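Shown next as structure tokens: one chain only, the form deposited in one PDB entry.
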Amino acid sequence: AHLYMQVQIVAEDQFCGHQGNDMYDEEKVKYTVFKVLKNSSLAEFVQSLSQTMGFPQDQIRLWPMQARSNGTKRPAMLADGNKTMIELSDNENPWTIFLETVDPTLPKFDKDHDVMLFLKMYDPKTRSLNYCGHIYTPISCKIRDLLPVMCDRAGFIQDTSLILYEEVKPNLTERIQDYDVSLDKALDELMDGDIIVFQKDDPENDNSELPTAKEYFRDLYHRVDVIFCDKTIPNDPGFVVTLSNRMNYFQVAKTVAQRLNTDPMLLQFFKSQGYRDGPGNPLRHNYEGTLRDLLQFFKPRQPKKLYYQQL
């Protein structure tokens, strides 16, 4: 009945190809799902997990997905194993867990000296992220010492000059400036499930629309889809345009005009009027704000919409 909880296991293959922040898309992801008694044991689940996915218990390790105060979600460490599952999840239901597995047993992890770090390589030429797996590293390890593993996993020649960032959270990608300090010195509040994003330091990057990973994540963070509806066409479903929240009036107008194969001066836009259907007040072309300022009367979930008419 309500004595049961759902436990959701995510595997590393789901981290592959992810273009967003964190390890995967919380809104779109494959899980192996388990119905488990809230008062069942960890050791029970582990055996039941072992039997089910064809892996001996020595070759698997559970890293519960943990929500952070800043809104991100990351694998966290989990000796303990006789507490109930609902206590370990701290009353989260469902509870999502990253399942690390070996591949031709797992290396030991010292809860006090190591950290599990995830790696992403950014390619400015194609403007894409490439998941480079995870590593066990001693906290006392210098940043410089991590470079060969990064070069190795990205397919770069050894001693390739790299630029390194910490992906802290959406719109916060912090460049690591001194490669010769320990990891805990480089990364404030160093934790398991932290992410280092790195890229080749080549002059050819600056021809890219998005030359660094910081730029990439900034663009992604401000990206917004807006429905545009023709005021003079009743019950128009409208069309979707991908914009940026930091666009000014002119950039919106021009983008919508290229969508409609027309001139931006032949387009009159109207504000949202919110929950009411239909156009609100006219938008003037000397508007001094950003697209974000125009859509701030919308919640993050509420579908963004604007009205237009051809002149």
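In this text, the rigid core denotes the largest set of C-alpha atoms whose superposition between the two forms falls within 1.5 Å. Note that residue numbering follows the sequence shown and begins at 1.
Keep in mind that the form deposited in another entry is not shown, yet the notes after this line are about it.
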Check your understanding: After the core is superposed, which of these residues, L260, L42, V36, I60, moves its CA 2 Å or more between the shown form and the other one?
Key -> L260
Check your understanding: C-alpha of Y221: shift of 2 angstroms or more between the shown form and the other one, rigid core aligned?
Key -> no
**Study point:** C-alpha of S208 off by 2 Å or more between the shown form and the other one on rigid core
**Key:** no
Check your understanding: Under a superposition restricted to the rigid core, does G17 display a Cα displacement of 2 angstroms or more between the shown form and the other one?
Key -> no
Review point. Is the CA-CA spacing of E92 and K299 tighter or wider in the other form than here, given a 3 Å or more change?
Key: closer
**Study point:** Cα separation of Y24 and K299 in the other form versus here, shift of 3 Å or more
**Key:** closer
